Amino acid sequence: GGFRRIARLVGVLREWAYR
Amino acid sequence: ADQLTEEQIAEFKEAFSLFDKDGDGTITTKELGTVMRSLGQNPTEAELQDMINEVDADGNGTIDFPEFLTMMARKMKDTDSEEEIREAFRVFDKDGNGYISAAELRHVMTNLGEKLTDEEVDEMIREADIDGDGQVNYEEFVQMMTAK
Ligand SMILES: [Ca+2]
Ligand SMILES: [Ca+2]
Ligand SMILES: [Ca+2]
Ligand SMILES: [Ca+2]
């Protein structure tokens, strides 16, 4: 797994709570 | 020869099991609520239902493999990659000191549901440790992400 690939999934966690 | 983007879609297949603890192929507001607490807190089964309604292509009440992917590309497009990076960094920096830490990386991976050795966490630091300080600063964090 690449570190950059993991960062993309983390950005999704906060967006879900945004709405 | 107009190729497709199914190569990237393969990556999301391996991530879907991580989000679905039951490995049954579907995520329910209850299951995801556990992830929300780890980010800060749990929303409400009432509000959680509205979020899925806007993304429910069939309207069954849950998100399937193909439904989850359509929402991901729709959210990032209307948003900016700079915004998703700022949110992710703030989540890893729980102490908010300016950089992450070996203990900070391990706490999230274990909370996510993956088991790695402390040595696995150290290498992650090496990838973004351009200055060689042993810790990833804000500047090193963004450069490695937008390296190419
Ligand atoms: Ca499930
Ligand atoms: Ca659905
Ligand atoms: Ca920190
Ligand atoms: Ca460094």
# chains A, B, ... in the order shown; residues from 1 in each chain; ligands from 1

$ interface_residues --of "chain B" --to "chain A" --cutoff "6 Å" --atoms "only C-alpha atoms" --output "PyMOL selection string"
chain B and resi 84+87-88+145

$ residues_around --residues "residue 134 in chain B" --least-positions-apart "5" --cutoff "9 Å" --atoms "only C-alpha atoms" --output "NGL selection string"
:B and (101-102 or 122 or 125-126 or 129)

$ select_by_dssp --residues "chain B" --states "helix (DSSP H, G or I)" --output "ChimeraX atom specification"
/B:6-19,29-39,45-55,65-78,81-92,102-112,118-128,138-145

$ residues_around --residues "range 15-20 of chain B" --least-positions-apart "6" --cutoff "8 Å" --atoms "only C-alpha atoms" --output "NGL selection string"
:B and (26-27 or 31-32 or 65 or 112-113)

$ write_last_selection --atoms "N, CA, C and O atoms" --output "short mmCIF file (atom, residue, chain, number, x, y, z; two decimals), in the first residue's frame"
data_model
loop_
_atom_site.label_atom_id
_atom_site.label_comp_id
_atom_site.auth_asym_id
_atom_site.auth_seq_id
_atom_site.Cartn_x
_atom_site.Cartn_y
_atom_site.Cartn_z
N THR B 26 -21.82 -4.64 2.02
CA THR B 26 -22.64 -3.39 2.19
C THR B 26 -22.35 -2.70 3.53
O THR B 26 -22.11 -3.35 4.54
N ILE B 27 -22.38 -1.39 3.55
CA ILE B 27 -22.10 -0.64 4.81
C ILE B 27 -23.40 -0.02 5.34
O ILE B 27 -24.16 0.59 4.61
N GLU B 31 -22.68 0.74 11.25
CA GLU B 31 -21.24 0.34 11.09
C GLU B 31 -20.37 1.58 10.88
O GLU B 31 -19.39 1.78 11.57
N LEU B 32 -20.70 2.40 9.91
CA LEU B 32 -19.87 3.61 9.64
C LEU B 32 -19.83 4.52 10.87
O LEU B 32 -18.86 5.19 11.11
N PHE B 65 -21.13 -1.58 -3.64
CA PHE B 65 -19.80 -1.33 -4.29
C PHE B 65 -19.87 -0.26 -5.40
O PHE B 65 -19.07 0.66 -5.40
N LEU B 112 -8.25 1.79 12.46
CA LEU B 112 -8.89 1.47 11.15
C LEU B 112 -9.21 -0.03 11.05
O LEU B 112 -10.21 -0.42 10.48
N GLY B 113 -8.38 -0.87 11.62
CA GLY B 113 -8.65 -2.34 11.57
C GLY B 113 -7.47 -3.08 10.91
O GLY B 113 -7.63 -4.19 10.43
#

$ residues_near_ligand --ligand "ligand 4" --cutoff "6 Å" --atoms "only C-alpha atoms and all ligand atoms" --output "mmCIF file with C-alpha atoms, in the first residue's frame"
data_model
loop_
_atom_site.group_PDB
_atom_site.id
_atom_site.type_symbol
_atom_site.label_atom_id
_atom_site.label_comp_id
_atom_site.auth_asym_id
_atom_site.auth_seq_id
_atom_site.Cartn_x
_atom_site.Cartn_y
_atom_site.Cartn_z
ATOM 1 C CA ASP B 129 11.105 12.578 6.245
ATOM 2 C CA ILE B 130 13.019 14.616 3.623
ATOM 3 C CA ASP B 131 14.838 16.704 6.277
ATOM 4 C CA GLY B 132 15.760 13.522 8.221
ATOM 5 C CA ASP B 133 14.337 14.800 11.549
ATOM 6 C CA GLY B 134 12.452 11.502 12.117
ATOM 7 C CA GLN B 135 9.054 13.282 12.001
ATOM 8 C CA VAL B 136 6.831 14.467 9.118
ATOM 9 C CA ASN B 137 6.255 18.249 9.182
#

$ residues_near_ligand --ligand "ligand 2" --cutoff "8 Å" --atoms "only C-alpha atoms and all ligand atoms" --output "NGL selection string"
:B and (52-53 or 55-64 or 67)

$ write_last_selection --atoms "C-alpha atoms" --output "mmCIF file, in the first residue's frame"
data_model
loop_
_atom_site.group_PDB
_atom_site.id
_atom_site.type_symbol
_atom_site.label_atom_id
_atom_site.label_comp_id
_atom_site.auth_asym_id
_atom_site.auth_seq_id
_atom_site.Cartn_x
_atom_site.Cartn_y
_atom_site.Cartn_z
ATOM 1 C CA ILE B 52 -27.401 7.595 2.175
ATOM 2 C CA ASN B 53 -30.710 8.740 0.594
ATOM 3 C CA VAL B 55 -26.385 8.669 -2.681
ATOM 4 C CA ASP B 56 -28.832 5.709 -2.929
ATOM 5 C CA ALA B 57 -29.033 5.053 -6.691
ATOM 6 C CA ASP B 58 -31.559 2.220 -6.180
ATOM 7 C CA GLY B 59 -33.121 3.587 -2.962
ATOM 8 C CA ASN B 60 -32.753 0.333 -0.965
ATOM 9 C CA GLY B 61 -31.250 2.168 2.045
ATOM 10 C CA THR B 62 -27.578 1.043 1.817
ATOM 11 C CA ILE B 63 -24.456 1.770 -0.244
ATOM 12 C CA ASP B 64 -23.230 -0.976 -2.602
ATOM 13 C CA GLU B 67 -22.891 3.206 -5.442
#

$ residues_around --residues "residue 69 in chain B" --least-positions-apart "3" --cutoff "8 Å" --atoms "only C-alpha atoms" --output "PyMOL selection string"
chain B and resi 9+12+65-66+72-73

$ residues_near_ligand --ligand "ligand 3" --cutoff "12 Å" --atoms "only C-alpha atoms and all ligand atoms" --output "MDAnalysis selection string"
chainID B and resid 89:108 135:138
